[PDB]
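# Structure at a glance
Residue-level listing of the chains:
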Amino acid sequence: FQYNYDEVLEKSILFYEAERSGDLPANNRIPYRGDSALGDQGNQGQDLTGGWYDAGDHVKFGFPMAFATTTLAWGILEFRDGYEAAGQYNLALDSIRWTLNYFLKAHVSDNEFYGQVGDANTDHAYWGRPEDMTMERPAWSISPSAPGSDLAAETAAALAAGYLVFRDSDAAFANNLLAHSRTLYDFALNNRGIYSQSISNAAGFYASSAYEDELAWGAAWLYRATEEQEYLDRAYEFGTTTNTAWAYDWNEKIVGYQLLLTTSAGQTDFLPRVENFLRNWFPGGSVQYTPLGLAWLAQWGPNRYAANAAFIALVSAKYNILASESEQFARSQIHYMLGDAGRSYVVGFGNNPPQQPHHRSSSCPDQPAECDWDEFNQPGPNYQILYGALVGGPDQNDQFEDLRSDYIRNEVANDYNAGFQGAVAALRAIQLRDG
Ligand SMILES: [Ca+2]
Ligand code: NA
């Protein structure tokens, strides 16, 4: 079946706009959103306003925020023609300019980087508009005494990918991103550790299992950006040619750097593991499929895992790695999400989309009405439409209740849309083909 990818891209970008924290521009397209968290600051009063709220909450979780940005940037680089065909290319640049600017703010000095604003427990205890928050919002950083090679190298990857994206429109901005990428990557190498041990507030939410894959990923991005041999050396030092990724996601960069190195750097040693990942996902592999055709990796965000795999498959296809099966697989997954199994899983799009995403700001009625946990519990649709949000998804039998309190299936998050959006742009690009 066919879907309007131009509309999907427009809406996915609007989802990210609805996640913006800080001082919103005059041209803000999300009418229920206003200025919020203007007090966000470091421990010496450094400005930390901006960035994205992670999910349906108001925490700024730097690790997924950075990974979502690296992934979105990669899709812009590879599938620029799809974004352009859709009229969404400059809106996509404006989308990630938001988080790139936040990463610059968070990098307060060479070897201090702010990785979280908001205490997840006090943040999640509040249900209401971000514009109405009154609780203390602590900020935490990584440093030599409290390292985070994973967070620092992921942010370096986002900044290096950002340099590549932006050097074609705002070269001064792009080259500033590159300078910070180099510095953060050096910090990551010099001060080894797991960021969610150093910023332990993150450990119940975005716990990092290992940092070596982020070291390889940051090096691969900096090699693409600079072509300096020392970065390729670092990629080989930290990268695996013998292990196959379970997922491409905010925690596990393995197939990301393997594919990036094979395609952008021409390093075929990593190619067999890319093929293993793809074939694990394709029908007949290790990932179970629901009866209606979703490749269902796990209970949490199966749409996210499949959309991420579809993204990796479409980058692979672009570079003529298993292109036929990759395109077929990716299209099957994205089209599942768009409506092939009977409903859209994208809020505000297509047939019978979810109306109750687990999301605070869209759950609240129009100002000046009050908003509290009653709006969590109320049995009807969210008062605002969270256009473009890809929800967590159905269970393994394609069941979905569309209940706000079903926080697993009705979850929305920055990382959920990041592979998805690039995959949609890739499918839009494929439509440009002769014939
Ligand atoms: Ca990792
Ligand atoms: Na404003």
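Residues numbered from 1 in each chain as written, not as in the entry; some residues may be left out. Chains lettered and ligands numbered in written order. Heavy atoms only, no water.

Listed as the method for this PDB entry is X-ray crystallography; the listed resolution is 1.50 Å.

### Some remarks on the sheet that holds strand β3 (residues 139–142)
Strands pair in a sheet through their backbones, by hydrogen bonds, and they do so in one of two ways: parallel or antiparallel. Heads up, the condition is: Should DSSP find at least two bridges between two strands, the strands are taken to pair. Numbering of helices and strands runs from the N terminus; a helix is a DSSP stretch of H or I covering at least four residues, while a strand is a stretch of E covering at least two.
The strand order β1-β2-β3 describes an open sheet built from three strands, whose pairing is antiparallel. Whereas interior strands pair on both sides, the edge strands pair on one side only; in this sheet they are β1 (60–61) and β3. As paired elements, strand β2 (residues 113–117) and β3 share four bridges and run antiparallel to each other. Each residue of the ladder has a partner; that of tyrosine 114, found in β3, is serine 141.

### Observations regarding the coordination of the calcium ion (ligand 1)
Put simply, the rule reads: Here a donor is any nitrogen, oxygen or sulfur atom (N, O, S) within 2.8 Å of the metal, with 3.2 Å used for Na, K and Ca; water is not among the atoms considered, so some sites may look incomplete. Categorising residues by exposure relies on relative accessible area from a 1.4 Å probe, with only protein chains included: less than 20% of the type maximum marks a residue as buried, more than 50% marks it as exposed, and the intermediate range marks it as partly exposed.
Within the first shell, the calcium ion (ligand 1) binds the protein through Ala210 (O), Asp213 (OD), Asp213 (OD), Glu214 (OE), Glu214 (OE) and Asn251 (O), at distances of 2.4 to 2.5 Å. For the calcium ion (ligand 1), the single-chain donor residues occur in sequence as A-x2-D-E-x36-N. Here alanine 210 falls in the partly exposed class, since its relative accessible area comes to 23%.

### Thoughts on the nonpolar core
Which entries qualify depends on this criterion: Only buried residues count toward a nonpolar core. Its members are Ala, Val, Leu, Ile, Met, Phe, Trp, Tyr and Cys residues joined through side-chain atoms within 4.5 Å. Note on definitions: a residue-residue contact is assigned when non-hydrogen atoms from the two residues lie within 4.5 Å.
Among the nonpolar cores identified, the biggest contains 144 residues, and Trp74, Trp281, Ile334 and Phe420 are the most heavily contacted of them. Those residues in contact with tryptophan 281 that sit more than four places away from it in its chain are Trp246, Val287, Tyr289, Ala295, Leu297, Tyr305, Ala306, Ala309 and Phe329.

### So, the side chain of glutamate 252
The test is simple: Counting rule applied: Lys, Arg positive; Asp, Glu negative; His and chain ends not counted. Salt bridge criterion: a side-chain nitrogen from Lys or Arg within 4 Å of a carboxyl oxygen from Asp or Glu. Pairs of N or O atoms are called polar contacts if they sit within 3.5 Å, as long as, within protein, a hydrogen donor faces a hydrogen acceptor (for residues adjacent in sequence, only side-chain-to-side-chain pairs).
Inspection of the secondary structure assignment puts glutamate 252 in the loop between α9 (229–238) and α10 (254–263). Despite its burial, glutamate 252 pairs with no opposite charge; the closest candidate is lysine 253, at 9.6 Å N-O. For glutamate 252, the side chain forms a polar contact with the main-chain nitrogen of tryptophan 246, separated by 2.8 Å. Within the structure, the side chain of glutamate 252 is placed 3.1 Å from the backbone nitrogen of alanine 247, a separation counted as a polar contact. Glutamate 252 has contacts with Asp213, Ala245, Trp246 and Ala247, leaving out every residue within four places of it along the chain.

### Focus: the state of the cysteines
Let me state the cut-off plainly: The term disulfide is used for any two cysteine sulfur atoms that are within 2.5 Å.
Using the criterion set out here, one finds one disulfide in the structure. With a sulfur-sulfur separation of 2.1 Å, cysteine 364 is cross-linked through a disulfide to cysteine 371. Across the S-S bond linking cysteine 364 and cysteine 371, the dihedral sits near -80°, which makes this disulfide left-handed. Across the pair, exposure class does not vary: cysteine 364 and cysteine 371 are buried alike.

### A closer look at the coordination of the sodium ion (ligand 2)
Here the sodium ion (ligand 2) is held by the protein donor atoms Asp23 (OD), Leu24 (O) and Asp35 (OD), which lie 2.3 to 2.4 Å from it. Counting residues between consecutive donors of the sodium ion (ligand 2) along the chain gives the motif D-L-x10-D.

### Thoughts on the environment of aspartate 94
Note on placement: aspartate 94 falls in helix α3 (residues 89–106). Its relative accessible area of 38% is what places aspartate 94 among the partly exposed residues. Along the sequence, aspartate 94 and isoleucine 13 sit 81 residues apart, while their C-alpha atoms lie 9.4 Å from each other. At 2.9 Å, the side chain of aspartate 94 and the side chain of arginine 20 are in polar contact.

### Here we look at the UniProt feature "active site" (unreviewed entry) in the protein
Inclusion rule: UniProt positions are given in the numbering used here, feature names are shortened, and annotations may be inferred rather than shown by experiment.
According to UniProt, the feature "active site" (unreviewed entry) maps to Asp402 and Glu411 in the numbering used here. By relative accessible area, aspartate 402 is classed as buried at 11%. If we skip the residues at most four places from it in the chain, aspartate 402 touches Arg343, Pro353, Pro354, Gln355, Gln356 and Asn410. Of the polar contacts made by the side chain of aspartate 402, one reaches the backbone nitrogen of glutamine 355; its length is 2.7 Å. Checked against the element boundaries, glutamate 411 lands in the loop between α15 (373–377) and α16 (414–430). Since its relative accessible area comes to 18%, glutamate 411 is described here as buried. Not counting residues up to four positions away in its chain, the partners in contact with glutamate 411 are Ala55, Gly56, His358, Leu390, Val391, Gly392, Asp406 and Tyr416.

### So, the pattern of salt bridges
Counted according to the given criterion, the structure contains 25 salt bridges. For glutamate 17, the salt bridge identified is with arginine 29, shortest N-O distance 2.9 Å. Within this pair, whereas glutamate 17 is found in helix α1 (residues 5–18), its partner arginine 29 is found in the loop between α1 and β1, the two being separated by 12 residues in sequence. Given the relative accessible area of 30%, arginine 29 is considered partly exposed. The partner of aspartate 40 in a salt bridge is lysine 60, with the nearest N and O atoms 2.8 Å apart. Of the two residues, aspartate 40 is situated in the loop between α1 and β1 and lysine 60 in strand β1; the sequence distance between them amounts to 20 residues. On the basis of relative accessibility, which here comes to 3%, the residue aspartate 40 falls in the buried class. Judged by relative accessible area, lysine 60 falls into the buried class, the value being 0%. Each of the salt bridges in this network shares a partner with another, and the network as a whole consists of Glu17, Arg20, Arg29 and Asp94.

### Topic: the packing of α10 against helix α12 (residues 302–318)
Rules: Orientation is described by axes fitted as lines to C-alpha atoms, over the contacting stretch for helices, and by angles from 0 to 180 degrees between their N-to-C directions. Roughly parallel refers to an angle under 35 degrees, roughly antiparallel to one over 145, roughly perpendicular to one between 65 and 115, and oblique to any angle outside these ranges. When residues are sorted by character, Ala, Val, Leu, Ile, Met, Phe, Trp, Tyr, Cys and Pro go into the nonpolar class, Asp, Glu, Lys and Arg into the charged class, and all the rest, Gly among them, into the polar class.
As a packed pair, α10 and α12 sit with axes 11 Å apart at the nearest point and diverge in direction by 10°. By the angle between their directions, the pair α10 and α12 is classed as roughly parallel. In this structure, α10 contributes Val255, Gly256 and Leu259 to the contact, and α12 contributes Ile312, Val315 and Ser316. A breakdown of the residues in the contact of α10 with α12 according to their chemical character gives four nonpolar, two polar and no charged.

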